[PDB]
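Protein chains in written order, with the deposited numbering: chain A, 3 to 69, 78 to 129, 137 to 155, 162 to 262, 269 to 328, 343 to 388, 396 to 775, 786 to 1039, 1044 to 1076; chain B, 2 to 157. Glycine is no exception: its CB is placed at the ideal position from the N, C-alpha and C atoms. Contents: one structure, followed by commentary.
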């Protein structure tokens, strides 16, 4: 059958095999490990005529050793035997035979991990490297015994390095052992002492071998670099292991590695090692070696020569790795530079040149992302330096601290401002298109924006903000009319200045500041240049995808800065007019146009959203200043609401919200002048709704149009609410002679009287939102849409029978809860019985009792009545007949929200503090009657339930025991035995507690009562 | 505590070094301009090709003193519309619940990717918001329209 085994092994690796690959694989997994699998593996490795894949399968079959103590020794002997076999066949001249070499190395590494774990005998290995060393010297089977645990010195170890493959095999063996010890330590932490064994024997041999490869020129092999990183990783996981001389000699090799000497290959690998150290465990390197790294990177200098070698050859990935390593190295040094700079606790001219070179490196020619990442990683460094300077003590500053800090950070501003220039993104989209480099450029801009937000606490307004304002306010960007810049250089400069100025001005308050009025009035072209950016970008024809995306970016930045300036517009109204006119000119250009080719419309919608967003912010803050523009806008809206427009329903809604924001502040001329606008908007919305419902029989388009106009009514109702920041309006809106509520209610009735709309959940939702807009508002607020009790009641009674009871009832019920909380003073238990009978009880037994949403809806309604006015629920005719029996049977319910609803119901019923003295006596009397069945339902649910619902009737039992401790024992001695004798134990232990630590007694009772 | 601040510093370094495109995160500033390491501001971009596309939804992350023994609390703005967002804004997510899949080793990157995945793939087992879950389950068209308008609402 050995011929059959070799047959299907070669069949598995054939290009197009027969029968099946999965089946011959399962059969190969079936031959092993069984008592002949081990002997098969030894015959597969000892036979030289087999293929390399078959021998690999032999070592893999050996790997299954998890199947007790004796077969491990019998395996390890043959592991080391076939080991020494192929490892002697390698060093002379074999080649490409090291695959099985690595697999056998992995098998021995697994053996070293398994044997040294906690669990005639067999002692510990302690040092497999030495054992491998003496195994290359060929009474025969007796040799492995004495060679294993004790071996030679360092001179013979260097003599082993007579060949290159010897050093390569030793580096790989130590590397695989270390990476496997790393994988085994990361998987599960039961090691704790094997690390000590590696520290006492393997660590010494590995350190001596690595240092021999680093110091000696002939013994040097690049594989040691990949081995060093492995050792460093394992050390980073445990903790004293020195590694100081290894880092020192790696620095010496990197400095000796030049273009002519090494071709910067060793320098690249050693820099990858240092980048790994600094990025993962930077504390692993001592202070002296980090000082040498500082003197090598910052200095003609060797570092400048390596950077020029990487730049001239167009190696952007290797330059990226270099920037990552240098930044991770510089981020750990902050307090020493900050102290020798800004705190006083020959060095000055040295640290001035130090910062000068660091700023020259911060600038760094070659545009970003596309080529370099130095500025991208340096942003986090400058953030740490800004926070470190801000975190410095007030009494510790240097005499020249503020001047040197201002100078350094202003040079930073002058360096990073051309870096984030939009010309870079233009060249990125030109060369690389829509790649991930654009996304990295957006993350770079967000990082520099946060850098400026942290730098403002140092530079102030005049050194950071006034530099941008005077840069863009004292010179016209467009001398010709229509504000066309015509110039690319100043356009990129002004887009950069608008972006930085916006992110700085968002953190301010333009109302409390008179400084903003002083700085803008000293700049004639400031507002003109901001509008020049908006109009230049908006009127830009999108030819390529690059010009389209840049157009969207310019519009985004402009609309955001305009949105940030509303406080200054309240402080300086006469500069507001050019903005409103320029905005509405662009706003009409992106509204009345229907040209779509083809995905351009998503850019039109993004522009239209940012414009209407800026309009919403301005109407939110500058309500008083915008009074004269109202009469033109309502007419333009009348032209937009036409069943043919380019606006989205969202833009229609936010437009109605903006007009309502301006209308809310028109309380000056009295309620009549403001009501002229309110009645005009009411007649326009209801007229267009009634026009659409009764003319073009409602289709999906008419449904979206009706939903849009209903949302417009909702935004208008929200916008007319007085912000939290006389009697004539109260009497007017209490009477509302213009019949605003009458027209709105009849319009909602006309929409909900249609069968295509009343059974839709969305229209019921927005209807109950609009009708319940005036509910729960602070009393005294002259709200226009404040509805009385009877109007909302007859409204719900009007549209509740003809609607869909499954999906549409909770909105009417939430509206009734709002009405109950509003009219809590004037409510009567008979009116509450009327609402309970008409809206819930008739529809209960058919549509509610078997529906979880409607069930939890009804329970939450009763809980709302108990929270607001308990006298309505207690004095109900269905209180003792319906509410109590039903909620009693619903205690061991299967729905989580239903369980929580019933538990909150009985909990509020017990712990309610709003009870009258008569109501409290009647409640205690009724509870002292049903309490029995209550404990039965509690233990019934607790028995049939499982974890995560145990704490539900715990708070119910906590309230029942605290409120009724005496009857608690009488009800427990009756309910416990039904749901054996050990149950009595909870009685003494629970009532003794009172409350606050039950459950702990309860699960200790459930544990008893479950096994039985 | 003191493990808490050391861990949050390491998290800040790790995030700032490597994170998904379109996210941002930064400690809020205290009155003295120093960072409140236990309260962060972040932004979650909607996934392209979903009704969430185009929005960047802002969240706050509040780390308890017992972090990382206890998970942070993550909140959207009050009134955010989603079936797994409480009225308060509290997100229902297994990795954010100490009683479920929270592990001390979970990083901010994993949290924010979890939130992104939750955005277009709500979990029915955590219905934190009645109207969102109801619309999702009974009027998908309304839910999608609301999501699209909220994406416009929080436009990038």
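Cα separation between residue 206(A) and residue 124(B)?
35 Å
Can you tell me whether residue 80(A) is buried or exposed? The criterion is at least 16 other CB atoms within 10 Å of its CB, across all chains shown.
exposed
Of all the residues that make up the segment 79-95 of chain B, which are near chain A by a beta-carbon distance shorter than 9 Å?
none
Partner residues on chain D for residue 440(A), Cβ-Cβ distance less than 7 Å
The structure shown contains no chain D; its protein chains are A and B.
Using CA atoms only, rank isn't needed, just tell me which of 1036(A), 580(A), 610(A) and 603(A) is closest to residue 556(A).
610(A)
Residue 139(A): buried (16+ other C-beta within 10 angstroms of its C-beta) or exposed?
exposed
Using CA atoms only, rank isn't needed, just tell me which of 152(A), 180(A), 214(A) and 258(A) is closest to residue 234(A).
180(A)
By the criterion of Cβ-Cβ separation under 8 Å, what are the contact partners of residue 659(A) in chain B?
153 and 156
As assigned by DSSP and simplified to three states, the class of residue 7(A)
helix
Can you list the residues of chain A that residue 143(B) reaches, using a CB-CB cut of under 9 Å?
757, 820, 821, 822 and 825
Got a sec? Which residues, its chain only, sit under 7 Å from residue 397(A) by beta carbon, not counting five neighbours each side?
383
Could one say the Cβ of residue 46(B) lies closer than 8 Å to chain A's Cβ atoms, at least one of them?
no
In the segment 70-147 of chain B, which residue ranges form an unbroken alpha helix (DSSP H) of at least 4 residues, counting only runs that do not cross its ends?
109-121 and 131-139
According to DSSP, is residue 41(B) helix, strand or coil?
strand
Measure the alpha-carbon distance for residue 447(A) versus residue 385(A) and round it to whole angstroms.
6 Å
Can you name, in chain order, every residue of its own chain whose Cβ lies under 8 Å from the Cβ of residue 474(A), other than the five neighbours on each side?
417, 418, 419, 420 and 491
Would you mind giving the Cβ-Cβ distance between residue 986(A) and residue 951(A), rounded to the nearest angstrom? I have them listed as a contact below 8 Å.
With a Cβ gap of about 16 Å, residue 986(A) and residue 951(A) do not count as contacting.
For residue 140(B), go through chain A and note every residue whose CB falls closer than 8 Å to its CB, in chain order.
820, 821, 822 and 867
Cβ-Cβ distance between residue 465(A) and residue 516(A) below 8 Å
no
Beta-carbon within less than 6 Å of residue 141(A)'s beta-carbon, same chain only, minus the 5 sequence neighbours each way: which residues are those?
126
Is the segment 900-910 of chain A close to the segment 954-973 of chain A, with three or more CB pairs under 8 Å?
no
Residue 139(B): which of 865(A), 518(A) and 939(A) sits nearest, CA to CA?
865(A)
Touch check for the segment 439-446 of chain A and the segment 365-376 of chain A: three-plus C-beta pairs under 8 Å?
no
Residue 27(B) versus chain A: which residues are under 7 Å apart at the beta carbon?
500
Looking at the strands, I want to know which residues DSSP matches up with residue 30(B).
36(B)
Local conformation of residue 12(B) per DSSP, three classes
helix
Beta-carbon separation (whole angstroms), residue 805(A) vs residue 855(A), contact threshold 8 Å
7 Å
Compute the beta-carbon to beta-carbon distance between residue 560(A) and residue 629(A), rounded to the nearest angstrom, for a pair I have assumed lies under 8 Å.
Not confirmed; about 14 Å, so no contact.
Less than 7 Å between C-beta atoms, sequence neighbours within five positions excluded: which residues of the same chain meet that for residue 667(A)?
613 and 616
From this set, 959(A), 973(A), 1025(A) and 886(A), which residue's C-alpha is nearest residue 991(A)'s C-alpha?
1025(A)
Taking Cβ-Cβ distances below 7 Å as the criterion, which residues of the segment 920-946 of chain A are in contact with chain B?
none
Counting along the chain, where does the beta strand (DSSP E) carrying residue 59(B) start and finish?
57-63
Taking one C-beta from the segment 18-28 of chain A and one from the segment 53-67 of chain A each time, how about it: are there three or more such pairs within less than 8 Å?
no
Please go through the same chain and pick out, in chain order, the residues whose beta-carbon is closer than 7 Å to the beta-carbon of residue 149(A), but skip the five residues on each side of it.
196
Would residue 1032(A) pass as a contact of residue 994(A) if the rule is Cβ separation under 8 Å?
no
Taking one C-beta from the segment 539-552 of chain A and one from the segment 572-591 of chain A each time, how about it: are there three or more such pairs within less than 8 Å?
yes
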